[PDB]
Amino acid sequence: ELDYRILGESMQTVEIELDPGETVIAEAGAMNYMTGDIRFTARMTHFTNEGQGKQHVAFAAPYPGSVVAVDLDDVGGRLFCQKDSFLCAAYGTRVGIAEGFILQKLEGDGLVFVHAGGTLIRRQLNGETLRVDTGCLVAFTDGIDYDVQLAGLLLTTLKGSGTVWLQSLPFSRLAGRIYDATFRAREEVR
């Protein structure tokens, strides 16, 4: 279905090629630019080529990092992913769940696009168990038993054969640490 180009080295934007007829779906506010005949509509926000040219719409996440293109057919037409990490999808993708940490399921035959904050980390699992700061979980396949747990620092335990995609800098860690660091300036009142 969709053609695309992933621009940038460590920080990435995905330029979606939309031929006349084709739609692409994305979270509100991910879009960078539209060429000419692209038109958009709210309901998830859908971008469609309304004219007659090979056209472009670019998307990028609101924190620094890389975009991974995942052909759904390459992974049994299913991919689990953290709601923050979802960037965009070939129209006719089923979403839904599987503001606390949210895991989403995406399934279909098309292209899906996920963002990994900071470093992208890809690992193959073969019976091995991997433990993962929960926010650092980007996406994973089937064949992976996952289990979220707690200290008292929320940890996710993964086990099986299959693929996990991790990120070194989740948006939640970045935003929370930014807030923390602002303490003095905001203490200046009381």
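A residue's number is simply how far along the shown sequence it sits, counting from 1.
The entry models residue 43 and residue 44 with a gap of 10 or more deposited residues left without coordinates.
Annotation for 112 to 120 versus 81 to 89: the higher mean temperature factor (C-alpha) is found in 81 to 89. A summary of the deposited B-factors shows that, of 123 to 131 and 62 to 70, the stretch with the larger mean C-alpha value is 123 to 131. Split the chain's modelled residues into thirds by C-alpha temperature factor. Residue 157 is in the middle one. Placement of the Cα temperature factor of residue 32 within the chain: lowest third of the modelled residues, per the deposited record. Sort the modelled residues of the chain by CA B factor and residue 140 lands in the middle third.
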